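Working through the structure, step by step
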Amino acid sequence: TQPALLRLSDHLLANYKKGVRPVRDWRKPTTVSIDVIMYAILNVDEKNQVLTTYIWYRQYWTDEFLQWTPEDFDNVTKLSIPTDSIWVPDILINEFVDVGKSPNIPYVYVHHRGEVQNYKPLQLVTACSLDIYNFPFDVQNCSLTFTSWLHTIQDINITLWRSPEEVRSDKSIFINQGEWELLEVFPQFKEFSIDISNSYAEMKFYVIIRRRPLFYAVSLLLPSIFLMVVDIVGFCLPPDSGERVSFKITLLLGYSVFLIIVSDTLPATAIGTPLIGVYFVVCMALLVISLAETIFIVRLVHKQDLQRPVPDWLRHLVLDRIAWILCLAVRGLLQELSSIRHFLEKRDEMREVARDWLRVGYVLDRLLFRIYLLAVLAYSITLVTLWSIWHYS
Amino acid sequence: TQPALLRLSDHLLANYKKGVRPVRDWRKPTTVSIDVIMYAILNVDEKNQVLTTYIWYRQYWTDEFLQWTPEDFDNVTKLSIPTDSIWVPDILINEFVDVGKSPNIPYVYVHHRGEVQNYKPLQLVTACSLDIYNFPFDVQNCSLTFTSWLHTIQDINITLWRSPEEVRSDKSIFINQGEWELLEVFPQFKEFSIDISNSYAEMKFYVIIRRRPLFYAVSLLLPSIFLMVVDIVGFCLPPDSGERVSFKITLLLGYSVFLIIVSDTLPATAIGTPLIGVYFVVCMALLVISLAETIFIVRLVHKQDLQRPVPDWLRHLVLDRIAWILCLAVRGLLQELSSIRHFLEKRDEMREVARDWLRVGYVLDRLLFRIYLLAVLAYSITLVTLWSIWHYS
Amino acid sequence: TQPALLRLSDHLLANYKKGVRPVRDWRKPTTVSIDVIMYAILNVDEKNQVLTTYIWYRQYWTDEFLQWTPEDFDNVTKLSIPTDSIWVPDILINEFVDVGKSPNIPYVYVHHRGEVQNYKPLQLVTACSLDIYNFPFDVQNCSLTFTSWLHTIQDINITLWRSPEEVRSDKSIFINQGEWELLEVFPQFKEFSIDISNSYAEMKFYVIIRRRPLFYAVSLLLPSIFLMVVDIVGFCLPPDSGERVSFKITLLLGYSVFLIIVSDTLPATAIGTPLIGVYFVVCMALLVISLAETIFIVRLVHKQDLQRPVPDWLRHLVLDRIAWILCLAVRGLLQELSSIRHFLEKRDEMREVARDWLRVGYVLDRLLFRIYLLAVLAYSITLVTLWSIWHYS
Amino acid sequence: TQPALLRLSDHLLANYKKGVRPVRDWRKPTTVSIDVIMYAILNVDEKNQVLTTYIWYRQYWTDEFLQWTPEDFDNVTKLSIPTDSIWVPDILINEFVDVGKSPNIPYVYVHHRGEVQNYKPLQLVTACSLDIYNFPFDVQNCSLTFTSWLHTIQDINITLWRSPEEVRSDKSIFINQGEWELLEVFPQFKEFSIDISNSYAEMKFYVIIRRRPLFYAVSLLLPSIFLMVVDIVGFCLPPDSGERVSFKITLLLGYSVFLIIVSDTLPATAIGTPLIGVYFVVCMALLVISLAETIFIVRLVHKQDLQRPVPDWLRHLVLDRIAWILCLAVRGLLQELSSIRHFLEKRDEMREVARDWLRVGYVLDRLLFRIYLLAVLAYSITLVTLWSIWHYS
Amino acid sequence: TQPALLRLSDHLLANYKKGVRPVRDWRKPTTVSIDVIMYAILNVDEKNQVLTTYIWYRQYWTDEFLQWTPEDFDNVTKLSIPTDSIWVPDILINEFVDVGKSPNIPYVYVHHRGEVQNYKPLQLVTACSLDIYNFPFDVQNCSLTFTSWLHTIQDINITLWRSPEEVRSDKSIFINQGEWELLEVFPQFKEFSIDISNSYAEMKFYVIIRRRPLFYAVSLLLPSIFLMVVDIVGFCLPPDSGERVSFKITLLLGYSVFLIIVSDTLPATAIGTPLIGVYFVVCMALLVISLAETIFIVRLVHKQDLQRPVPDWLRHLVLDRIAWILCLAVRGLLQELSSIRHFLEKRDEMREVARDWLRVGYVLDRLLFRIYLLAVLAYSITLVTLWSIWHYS
Ligand SMILES: *[C@@H]1O[C@H](CO)[C@@H](O[C@@H]2O[C@H](CO)[C@@H](O)[C@H](O)[C@H]2NC(C)=O)[C@H](O)[C@H]1NC(C)=O
Ligand SMILES: *[C@@H]1O[C@H](CO)[C@@H](O[C@@H]2O[C@H](CO)[C@@H](O)[C@H](O)[C@H]2NC(C)=O)[C@H](O)[C@H]1NC(C)=O
Ligand SMILES: Cc1nc[nH]c1CN1CCc2c(c3ccccc3n2C)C1=O
């Protein structure tokens, strides 16, 4: 009879047992040939050391029992069979820490020599070690290891579909504009063993990704450069005005409020902070020097029952530092008038010695303003020198 | 016998095999005709580049084996059959990154020529690229690509149910008032291929949505306009009062606290900030100019052992800038009295030279108050000019 | 034989096909009678427009094939049958956006005329439109629409179990004390159609709920009334003390910190803020008037090389505003003494003209203190007048 | 033959129907005997009124069809059978609002008289009413009601395994150190009915738990006591120094910042705040009195063109309050000298009347410092008196 | 016939019953030998007392019914069988509070004597008690107890695969760099019993882990050391400048803002705060002493109608504390001139007595500056002494 070509499928699955590993001779292994394309990097968790990706996967193997001649079946050379009717190998990942939700694919291809092809997408929640020592300019190297979980090397061996050079140079479908950049995917065959007499075939894929360091660079420099500019403008306040101290402590208050927002959005691993955490406490201690310079000079020019300064410490300040660096009734009358002259004289002499301290506090202020402005320019061009040698190639 | 019309269903499913693709001739493909109505936009994730929608889906195909004449079955022309008793094609989406939870529909229709109709709702968690360069006034363009995952173009081809003009103009059931606005849904047929000799039918639906920019506009201008008004009122403080500097640094402190709440609720992609991030740092640097204008003028009118100002720099300030822009016992007595006259004279001459600097600091203050008020009005009407040319049509 | 009364169930399920819609004549529809009691309002999401409830559901229909006479089965009139052995209709909701987790009920009742009764609880995650224009005093109106997803009006029709007046007045089991208050549940029959020749039976239940506006009212007035009381106490500071300006800007700083916590806990839809967002910016601008009143009067009473004020602007201030509203050696001596008289005279005349400005700044201060206190009392009793007409009935 | 004792299980399950309620006579109900041990309190959600626990559950019933004599089966008196091969009753909870994830137990015991024993653990997500009127010192009373969802009182009745005194005094395995303390679990039998002619057996377990109020007490008093101590130290500043007002408004600013962190971590139900919310606004208004005492006394001792105070209001302040509570050329000369005497006399008389107001502002300051220190000590020992009568027994 | 070696599997599973515990004699128990390797510590929840790990698990037992001679089956000594075709024991954990998501392994090994080997990975969500008394330097000790949930000691007994010394010293695959450090895994056999006549075999594994205390130590000392350095610099302000009080209250404000971020990220159990919570309130009260030292000395050097100080309290301050520790018309003229001498004399004598109080306030200031600097150095080297004795071994 010739009803249709559903007479192939019941010829092929009349007495078929889906629990038996499909070989005629039990001494020969089943060889599974796999292949991978990366599709998206969904999440990189630096705190929990967990990577979440999404790949497209395919594999084939040889089934000794699903064979037919294409004649006597109207030249059919392949057909589709449900997945839960045949033997399927158990290929897992060593680095699993969870189970991702993936769509179910209910069909496979079967060619007329026994080659069974399986296509399925996979969401992977794996665990890889993440070092963040140079935090925005970092390249990560995480691994995917496909292996058979039960069967040993004498039952299931794993090979590649195609050559490892075609797998390495494949970035055709990768979803970009998403904060991570795929560089390469490199395969490598190894053989796993913990104890003796049990070896397991495995196939490591190394996934190398790189962070796009643009929006971390503007969301961490644009407040850092800004609060340095406001500190430079605050030196132009005169120190005997009672406002420079209140300026510097408010701005130092507003800067410490900023760092606790930075640590809220930027994590750190068990080795500690990255290298840019050093460059924040250098800009922190550079404001405490400007605070200690203000408190040192407000103590200087202030009116406390003063004496005339040291003639040694006036001579090499006023003269040298501006040249090397900068540019019965009758006689009862005048006895009372001499007393009135005396109270005005002590008022004037305490006033002119307050001027001599005030002249010292202004030559020494423009001296320390130019030393501070020299240090914040030498450190600023150092920070852009190290960046510009990175950016080339 | 005539028991009921359950004698149709066992005639139709006596020897039926749900794993075989239902054709008499294996050389002809099965053609699936699909159709879509968008129901809700559930979530748009700008950070992770993930779109979450909810659609209503339907499809039909032709089954060669489910055919009957309507006579000898009491004129039955269609009936309902459980879904897990027949062959169902595997239509997926390329852009899946997750599996949404959808209700199960356990029945299908079957007409008497073999047409099998399937209705089901779907929740879709897809991945599309989102550019936010003009952040509240942005139109997104994300894609849905329906394809068969295993079968090639020689087995399953995908067509539309109805015309592509009826699909494009369908906004009948879309749930509004929910922060996104559906513009159109446009279908397009393509043919997918990565390697040679394997082509897959696909059907792209382009979903174009647009953000409603109302409550982002009031939750970002109403604090931005407000802290500009408070800065204008603070110029009316007199500069030799010791409070204008403390006014400006508190208000600049409270403005920098505001931006870190803005970045907490407004994300940015890998290309960086949107265009309105430029318009925040222009309003930022416009407050530092008002801070540097205060510190420049407090340094001017302040009492430090002063000299009389330059007659050149007084003449074109006091005169020109207000006209072009603005509107033995006896002889021992008087020798002591001349000394008492001398201490009061140095007290008065240091007082009148502090007035001459104070007159300079007030002509120059109302000059810089009108230049600053001219710039904050020219920039404010520029910002509403660019908005009003957008709003028309 | 008479073994037991398991001989009923195998008589009833010997040749039973659970895929066939159970009618003798295929032209007559199956009528499903439903009923609902609301149990809890779990979540109302104003941002995503999503409602989450939990109901108790029941339904019955007529099965033509499950019929027996109660004699010859020892007078059994009903029995329980597993759910997955019989035909069950597919009743869904139009407003689904998710799938809730509900317990499984594995049994149904079957009476001896064919009536099959089904009881099950359901968790529903639906989508309804939420307007929050009057934010704590708001009544919402969301919908639940039970319909058959595949079968049309010629196969499945939906009716009510009991009368629509018994469904409307049922609040027996509703879990209270949980921030929402159930008012009524009102049913209504409609008939759904998008295209021609396909009509679907549906049954809308309108669920009307009302927010309990107690703890939103104390967590939004008790800081709003408090920072108005502190502003009233701050007018009693004297204006020529240098502390009133620093008082008002700190309190205005602490008030703007408060609103960004309010917007963090209170959402807004696409139409913008509710009506109480207007009543916050009225209390905002009422503090800027008190700030501008302080800066206007500190500029007035301050010692800058002053002149005597206008006699017109002193006469209607000092006199009128307090009445209509408030309540050779010898001749060389005295030439020097006349100079000493002259320096003390210019010191005294600049002191008495600073008193005349100081008298103006205190009559005008108590005038503007009573105008401000009149406005904050007229607006406060207006705000309680609008509340008291709401509270009655 | 005697192969093994798998000949018992096929004798026992040859013709067994798992859909039939297992009685010989259909008029007799099946009696289910249950038992509970509480294992952990996982979550108590005060906002959503949801309790999450984890119990260990067991139950037995009598199966008329699973009976054998132990002879002719090698003295087997019990054996284990898979769960999905026999009839299982449907015991649910009325208070479900979700479905918890519990491990599956695939086996049951069967004794030779028909007693079928079932052991399983359960995670329960229920809804109970939570009153938090005394927030850390609160005892909650939530309920668990086990009932049959479909079958009425004529089919399934629920009893206890063991006595209700053994269930009440069982705290053997409860995981402690986890913020809630289990007091007792008390069972009670009732009979549920909404309409007539349908009654359902139920079994309420009352679960009484109590919060451990230790770390809420130190995380709410240690900032509350601290900002009261800082306010006491700030009275020792002299009031005519211009810093006491700036002290009090900064500290009142920092206290209002603290309460918005308290409301972020401590929820409130629909009845409003707990009783300790009253004790925060008493400590709030106790700082406004210290603020209004400062502003009242800075207005007093301040130099505005003053007059001598009232002799009545000086006599009962300076004298009484310290005793009852505290402890041609020649004649042209002296006409000019009398003028110079006159300008120094008006300078001195305006200075001594500023001392007389300054003496009033210091007797009245130490008076109001001791009244304020008496109120903050009488309220502090009241707050520890109410705590110490609670702590005993 | 000799078709293949699928003739072994149908010989082995022709009449096999997967519900029967596989023994020939029912009096002998089934012995299960287990083994564990820890792979990752996923989460340690200190608030909810919940541990989340991920292990690799394996077990074997003896099946009396799956036996064959390897001859007459072409020398096959083992083969793989699906898991859902044979009897599997029910090994659970006592400490479950949830169900983790683990991958499914669908195959087992079967040797020719009946030994059935099972390999599977497991995610475990257990509940262990966590004491955090020494918060970063803490070692936890949580438990895993494998037991059979239904069967007693006469049915299932649990043993180890390999020796307990090989299990204890196994850290081969543990994923490091993830904030917790695995020390050892120690097994122990016990026997569980609540009531009489029912004993259950169990096998406790003790898991000892240790926190890596590096990044908690820098994120809690680097702001704590920093705000102590800023307080030392603030003593160099002169006390009669009106800025030291405003310095100390701003810095004390900014320190109390810091602790509420610390408690947000660091939890505490029911016993209260850890030991480092004591070391924060010691650094808290060390700033209130510096605040009370400032307010005590501003009250001292301030100009209120002063008297000369006590000669006893000047002698042991000025002299001792610097030595032991530190280093008709005519007669009408002069009657008026004596009055002018009198007003200048009272002006001078009130000025020199303000100097004598000012000298006292500076000897006493450098005295209390060196006592405070001695206490903050003795406590700082104590804090590093206790750390250095911990770090050695
Ligand atoms: C809730 O909303 C519905 C809107 O559908 C209101 O529905 C109307 O109800 C009346 C009868 O009460 C009908 O005549 C109208 O045809 C309904 N409208 C529509 C569009 O069908 C309902 O009244 C609302 N409930 C409350 C309490 O306001
Ligand atoms: C917990 O709440 C229940 C409320 O149902 C209390 O229940 C009452 O218990 C007494 C006996 O103790 C019965 O006589 C009452 O009929 C019960 N009330 C109701 C409404 O049924 C129970 O006592 C409470 N437990 C505690 C410790 O307070
Ligand atoms: C909502 C409902 N209520 C009962 N049944 C249905 C299903 N409903 C029926 C009509 C319908 C659907 C559909 C889907 C895609 C394109 C066009 C479509 N049309 C015209 C389909 O979802």
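About the criteria used
- Residues numbered from 1 in each chain as written, not as in the entry; some residues may be left out.
- Chains lettered and ligands numbered in written order.
- Heavy atoms only, no water.
- UniProt positions renumbered as here; feature names shortened; annotations may be inferred.
- Near = heavy atom within 4 Å.
- Polar contact = N/O pair within 3.5 Å; in protein donor to acceptor, adjacent residues only side chain to side chain.
- Areas by Shrake-Rupley, 256 points an atom, 1.4 Å probe, with all protein chains shown as cover.
- Nonpolar A, V, L, I, M, F, W, Y, C, P; charged D, E, K, R; others polar.
- Contact = heavy atoms within 4.5 Å.
- Buried area = accessible area lost by both parts, 1.4 Å probe.
- Helix = DSSP H or I, 4+ residues; strand = E, 2+ residues; numbered from the N terminus.
- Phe/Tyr/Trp six-rings, centres within 6.5 Å; stacked < 30°, edge-to-face > 60°.
- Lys NZ or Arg CZ within 6 Å of the ring centre and 35° of its normal.
- Least-squares fit on C-alpha atoms.

Per the deposited record, determination of this structure is attributed to cryo-EM, with the resolution reported as 2.92 Å.

If you check the PDB entry, chain A appears there as 5-hydroxytryptamine receptor 3A from Mus musculus. Per UniProt, the comment on chain A under Subcellular location (unreviewed entry) is "Postsynaptic cell membrane". Per UniProt, chain A carries the Sequence similarities (unreviewed entry) text "Belongs to the ligand-gated ion channel (TC 1.A.9) family. 5-hydroxytryptamine receptor (TC 1.A.9.2) subfamily. HTR3A sub-subfamily."

1. What to know about the site of ligand 1
Residues and elements named next belong to chain C. Surveying the vicinity of ligand 1 reveals the residues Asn 141, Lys 190, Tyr 206 and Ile 208. In the model, an oxygen atom of ligand 1 is placed 2.3 Å from a nitrogen or oxygen of the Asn 141 side chain. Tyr 206 places a polar side-chain atom, nitrogen or oxygen, 3.2 Å from an oxygen atom of ligand 1. Protein coverage of the free-state accessible area of ligand 1, which is 560 Å², stands at 29%. Looking at the shell around ligand 1 residue by residue, the class counts come to two nonpolar, one polar and one charged.

2. Structural notes on the interface of chain E and chain D
Taken together, the contact pairs 57 residues of chain E with 58 residues of chain D. Together chain E and chain D conceal approximately 5700 Å² of surface at their shared face, both sides included; 70% is due to carbon and sulfur atoms. Summed over the three residues of chain E that lose the most area to chain D, namely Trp149(E), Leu150(E) and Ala270(E), the buried surface amounts to 11% of that side. Our count for the chain E to chain D interface comes out at nine residue pairs in polar contact. If you list the elements that add at least two residues to the side of chain E that touches chain D, you get α4 (244–265), α5 (278–298) and α7 (331–391) of chain E. The element that contributes the greatest number of residues to the side of chain E that touches chain D is α7(E), accounting for 10 residues. Of the residues in the side of chain E that touches chain D, the class split is 32 nonpolar, 12 polar and 13 charged.

3. Some details on the packing of aromatic side chains
Within the structure shown, the criterion is met by 59 aromatic pairs over all chains. One aromatic cluster in this structure is built from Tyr39(A), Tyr54(A), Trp56(A) and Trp149(B). Of note, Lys248(A) hangs over the ring of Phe235(A), and the distance from its end group to the ring centre comes to 3.8 Å. The cationic tip of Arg366(A) hangs over the ring face of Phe369(A); the distance from NZ or CZ to the ring centre is 4.4 Å.

4. Side note on the relation of the copies chain A and chain B
Rotating chain A by 72° about the axis while translating it 0.1 Å along that axis superimposes it on chain B, leaving an RMSD of 0.0 Å. One copy is carried onto the other by what is essentially a five-fold rotation axis. Little of the interface of chain A is mirrored in chain B, where only 8% of its interface residues again form contacts.

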